[PDB]
Amino acid sequence: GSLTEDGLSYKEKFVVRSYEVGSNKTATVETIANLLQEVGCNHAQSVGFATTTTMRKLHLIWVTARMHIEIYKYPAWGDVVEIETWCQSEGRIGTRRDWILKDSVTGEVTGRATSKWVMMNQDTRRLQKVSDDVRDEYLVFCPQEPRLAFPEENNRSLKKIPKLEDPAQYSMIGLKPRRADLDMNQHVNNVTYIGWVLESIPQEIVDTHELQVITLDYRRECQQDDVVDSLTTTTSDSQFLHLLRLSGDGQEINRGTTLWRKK
Amino acid sequence: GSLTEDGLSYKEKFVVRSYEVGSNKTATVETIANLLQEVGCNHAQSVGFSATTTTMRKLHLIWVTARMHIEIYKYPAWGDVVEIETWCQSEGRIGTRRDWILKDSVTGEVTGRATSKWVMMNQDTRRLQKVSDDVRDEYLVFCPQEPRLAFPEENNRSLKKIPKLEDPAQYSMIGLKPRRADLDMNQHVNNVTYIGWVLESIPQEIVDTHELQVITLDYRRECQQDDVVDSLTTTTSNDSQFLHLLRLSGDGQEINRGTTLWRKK
Ligand SMILES: Nc1nc2c(Cl)cccc2s1
Ligand SMILES: Nc1nc2c(Cl)cccc2s1
């Protein structure tokens, strides 16, 4: 793993592991989501840093608000996948982190991802109003000209997601996170929400289709002692609408869309 | 990753990842269990397997774990390189044993060790049987002939009998279901998920004030993707020892049993 020549992006190679692949001997979308997360932590570490150095005097952390992933080819077990990552300021809204996934043998793009991050107080949760000016210490680690993984005007990564209406077509109820679903700070890692969203997708769709696009909006965090319900409705390639909510009160924690192609 | 000079063992280095560590910034026992599993698959691949042979596939026979014993001294920190050496050995007609040695890549010292007992089984009927003569001769060429034990001790805890947890249990984690990330390429529940399920009944205070030293786990029945599981725990004992029992919620069928040993940080 290493920063590129200009220092405005980071690169890392990953050999696909045996337990990381699904029933078709290619890495799962959760494995890919974990690799995007790993290369982001090593990029933060290489430039001197979910927690991040500075802004900790105000008890300020970066939280994900949206994660959009689009895969063309899932890497096979044993293959090397190279991931390039970078960040970019979006004015007073927050930060955007993009990823490009390539095959290490061909050098061809096999996937791409984008995320929207926002500044939040780690104690009062919610958000301490994301709008900072003297936080210009991140502009030195970002490319100045726009560099977008999803550049096209009117693309899937910026479309509004509606709220799943009751009743849902499919549902996976009573989901609880175990100690392997928590990070070093004991919060549920964002990849577990992706796994929970896919639990409501019927087995037949997973066996006859491959996941092409997955857009996920983060609204609330699920605690280690909370129980979750996963809801799904076919909206259409097969398209779906998703809703994660707390099994009791029905408090919304997540919402999203998935797009699937026939194998 | 590569086989050693003699071809009777395999070695592989692993950099510890951010999501692989727990609250102490060191790899979890489930992460370690996954690395032991990964190095075993790469050792099977390096000697021409996929770990069945043309003889085992002809009879619809597969290898299944019966016991997994892991003992950790130091858990590798996030960013550190851990080298794992693995090898197999015939145990007559009972089956095979696979041992592991974990070392620090900077110091070269043993930081952990593991052992497992594997048995021959028809993948369709689930019936166990003693290893046949013509099958055993196909593995002897990939195993050291003289004994090579990770746990050589005269009375090591890796061969001790595990009793059945009596009701009522002291602690319990009820209603555990495996998701699609808990399944392997053949859609069976990954052996490592049972370790995570066993540790779910351990109270949070014990995890926060202690570190896991030893974990012995016996596999009796496999859990299907649609089964619900109950995890039971009772303190049997500085060091805290526990007795564990994984059983199906629907009718209480025993699937797993084991013991864990913990020391104060
Ligand atoms: N908010 C930002 N975080 C980062 C990191 Cl972690 C690495 C490089 C650039 C930036 S801009
Ligand atoms: N049963 C056995 N399987 C193996 C494998 Cl997979 C590698 C090396 C030695 C042996 S003996």
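Residues numbered from 1 in each chain as written, not as in the entry; some residues may be left out. Chains lettered and ligands numbered in written order. Heavy atoms only, no water.

In its metadata, the entry names X-ray crystallography as the structure determination method and reports 2.231 Å as the resolution.

Per the PDB entry, the recorded name for chain B is Oleoyl-acyl carrier protein thioesterase 1, chloroplastic, and the organism is Arabidopsis thaliana. As its UniProt record puts it under Function, chain B is described as follows: "Plays an essential role in chain termination during de novo fatty acid synthesis. Possesses high thioesterase activity for oleoyl-ACP versus other acyl-ACPs. Substrate preference is 18:1 > 18:0 > 16:1." Checking UniProt for chain B, the heading Catalytic activity contains the comment "(9Z)-octadecenoyl-[ACP] + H2O = (9Z)-octadecenoate + holo-[ACP] + H(+)". (UniProt positions renumbered as here; feature names shortened; annotations may be inferred.)

Identification of chain A as Oleoyl-acyl carrier protein thioesterase 1, chloroplastic from Arabidopsis thaliana is taken from the PDB entry. Heading Function of the UniProt record for chain A holds this comment: "Plays an essential role in chain termination during de novo fatty acid synthesis. Possesses high thioesterase activity for oleoyl-ACP versus other acyl-ACPs. Substrate preference is 18:1 > 18:0 > 16:1."

1. Here's the deal with the overall build of chain A
A tally of regular secondary structure across chain A gives three helices and eleven strands. Traced from its N-terminal end to its C-terminal end, chain A shows the element sequence β-β-α-β-β-β-β-β-α-α-β-β-β-β. For 263 residues, the compact-globule formula gives about 18 Å, and the C-alpha radius of gyration of chain A, at 18 Å, lands near that figure. Considered along the principal axes of its C-alpha atoms, chain A spans approximately 50 × 45 × 40 Å. (Helix = DSSP H or I, 4+ residues; strand = E, 2+ residues; numbered from the N terminus. Rg over C-alpha atoms; globule rule 2.2 N^0.38 Å.)

2. Looking at the UniProt feature "active site" in chain B
Residue and element names in this part refer to chain B. Sites flagged by UniProt as "active site" map to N186, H188 and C223. In summary, the annotated positions, though distributed over 38 residues, converge in three dimensions, the widest C-alpha pair being only 13.6 Å. By the element assignment, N186 lies in the loop between strand 8 (171-176) and helix 4 (191-199). Its relative accessible area of 55% is what places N186 among the exposed residues. Summarising the element assignment, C223 is placed in the loop between strand 9 (210-219) and strand 10 (229-235). For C223, the contacting residues outside a window of four places in its chain are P178, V189, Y194, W197, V229 and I255. (Buried < 20%, exposed > 50% of the residue type's maximum accessible area, 1.4 Å probe, protein only. Contact = heavy atoms within 4.5 Å.)

3. Points about the site of ligand 2
All names here are of chain B. Taken together, the neighbourhood of ligand 2 is formed by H43, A44, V47, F49, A51, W63, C88, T96, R98, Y139, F142 and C143. When ligand 2 sits alone it has 310 Å² of accessible area, and the protein chains cover 97% of it. Taken together, the elements giving at least two residues each to the shell around ligand 2 come down to helix 1 (29-46) and strand 5 (96-104). A per-class count over the shell around ligand 2 returns nine nonpolar, two polar and one charged. (Near = heavy atom within 4 Å. Areas by Shrake-Rupley, 256 points an atom, 1.4 Å probe, with all protein chains shown as cover. Nonpolar A, V, L, I, M, F, W, Y, C, P; charged D, E, K, R; others polar.)

4. Section: the site of ligand 1
Residue and element names in this part refer to chain A. Neighbouring residues of ligand 1: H43, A44, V47, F49, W62, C87, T95, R97, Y138, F141 and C142. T95 has a polar side-chain atom sitting 3.2 Å from a nitrogen atom of ligand 1. Here ligand 1 has 310 Å² of accessible area as a free molecule, and 95% of this is covered by the chains. Secondary-structure elements contributing two or more residues to the shell around ligand 1 are helix 1 (29-46) and strand 5 (95-103). (Polar contact = N/O pair within 3.5 Å; in protein donor to acceptor, adjacent residues only side chain to side chain.)

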